[PDB]
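Cβ placement follows ideal geometry from the backbone for every residue including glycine, while neighbour counts extend to all protein chains displayed. Each reported figure results from applying straightforward, stated rules to the coordinates on display, with no laboratory input.
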Amino acid sequence: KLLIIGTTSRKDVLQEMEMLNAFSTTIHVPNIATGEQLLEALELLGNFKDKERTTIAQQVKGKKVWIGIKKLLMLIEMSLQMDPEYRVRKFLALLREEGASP
Amino acid sequence: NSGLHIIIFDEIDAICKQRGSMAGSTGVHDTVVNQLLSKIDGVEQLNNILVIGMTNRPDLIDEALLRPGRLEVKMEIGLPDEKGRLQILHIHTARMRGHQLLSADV
Amino acid sequence: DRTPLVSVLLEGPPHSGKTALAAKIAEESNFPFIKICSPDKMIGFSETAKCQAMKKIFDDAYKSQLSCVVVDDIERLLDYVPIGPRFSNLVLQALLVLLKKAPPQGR
Ligand SMILES: Nc1ncnc2c1ncn2[C@@H]1O[C@H](COP(=O)(O)OP(=O)(O)OP(=O)(O)O)[C@@H](O)[C@H]1O
């Protein structure tokens, strides 16, 4: 017997190259897209404080959230390096900069 | 009335020129490969030899070497299994048992 | 007696089982000499290797009195791709000349 597992980020080009017709199944991996999900992920990682988490939830309730776990980690790293007072503000600032809209 | 002489090769695929299909360019002039072949047959008729060949890539063997009157028996030696592994360990570990040097725990 | 060569091209949408029907038709001929040139047995080759392999197959086929050769998956064989398009003109020129060559007399 045998089994093969593939991976890519640009399905359209593969479709155009009549290659998808060779594979036998497809799966989707969506990005985080909701605020409550972001709060849950932050909680699981456990890097933000109680009042910190409350302020984040207050500011991010707009629901205009769309990011990739990888980039979330990198942003968290960048943010954490400030002093305790300006960490949340800077993190929210970067988050706002990356205002994607699929 | 002569005895039997056995000559063992190895990776006979090395003396092949039919392996350049995938940019192999590992075939020198077929001359060299012709000569060896014409030592297992020809106008001369040696009758006291046995040649055992060994390889790893069965797909790149020159076809002229797999015909009647030449190397004409193929066989496969697959990976060992549970019983084979047990027997091989028992074989390899007879010394320490023979001298009690092995711990009884194992 | 006045048509020593014949040809036929089977076609159909993907996954309809053309290969199996071709194989069955070839098998039910009772002919003495049959072959199947399948792409799989040339992975990673260079166009020259393909050409030489086909040359050899047809050359051997010439030596009998009756035969049948099943060149399967002609599309892939000619390194196709939609974008471009792209391919190997050599193989095309080869097959096109070969599909018309009559064998020696009386075969
Ligand atoms: N009556 C039948 N007609 C066609 N195919 C059949 C029939 N009965 C069973 N099959 C099965 O259908 C399958 C056809 O596979 P085949 O490779 O011929 O399809 P194909 O269209 O040539 O494939 P591909 O498009 O990938 O080249 C085989 O598994 C064959 O055994």
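Overview of results
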read-out	value
Test for residue C:44: is it within 14 Å of chain B (Cβ to nearest Cβ), part of a loop (DSSP other than H, G, I, E, B) and under 29 Å from residue A:17 (Cα atoms)	yes
Residue in the range A:45-64 that is within 14 Å of chain C (Cβ to nearest Cβ) and among the aromatic types (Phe, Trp, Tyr) present	no
Number of positions in the range A:1-23 that are within 11 Å of chain C (Cβ to nearest Cβ) and either in a loop (DSSP other than H, G, I, E, B) or exposed (fewer than 10 other Cβ atoms within 10 Å of the Cβ) (or both)	5
Sole exception among (1) touching a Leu at 6+ places or on another chain (Cβ under 6 Å); (2) at positive phi for residue C:15, by number	(1)
Filter result for residue C:29 (away from chain B (no Cβ under 14 Å), more than 16 Å from the ligand (Cβ to nearest atom), more than 13 Å from the chain's Cα centre (by Cα) and of a type in the set (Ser, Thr, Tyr))	yes
Residue identified as basic (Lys, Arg), under 25 Å from residue C:44 (Cβ atoms) and free of Cβ contacts under 8 Å to residues at least 40 places away in the same chain among B:39, B:17, B:83, B:74	B:74
Selection status of residue C:12, assigned to a loop (DSSP other than H, G, I, E, B), over 22 Å from residue C:100 (Cα atoms) and more than 13 Å from the ligand (Cβ to nearest atom)	no
Flag for residue C:58 being of a type outside the set (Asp, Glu), within 14 Å of chain B (Cβ to nearest Cβ) and more than 16 Å from the ligand (Cβ to nearest atom)	no
Candidates C:97, C:91 - the one that is exposed (fewer than 10 other Cβ atoms within 10 Å of the Cβ), part of a helix (DSSP H, G or I) and more than 14 Å from every other protein chain (Cβ to nearest Cβ)	C:97
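Quick grid of which residues meet (1) more than 14 Å from the ligand (Cβ to nearest atom); (2) of a type in the set (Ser, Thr, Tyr); (3) out of contact with any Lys or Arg (no Cβ under 9 Å at 6 or more places or on another chain):
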residue	(1), (2), (3)
C:23	no, no, yes
C:45	yes, no, yes
C:64	yes, yes, no
C:69	yes, no, no
C:82	yes, no, yes
C:95	yes, no, yes
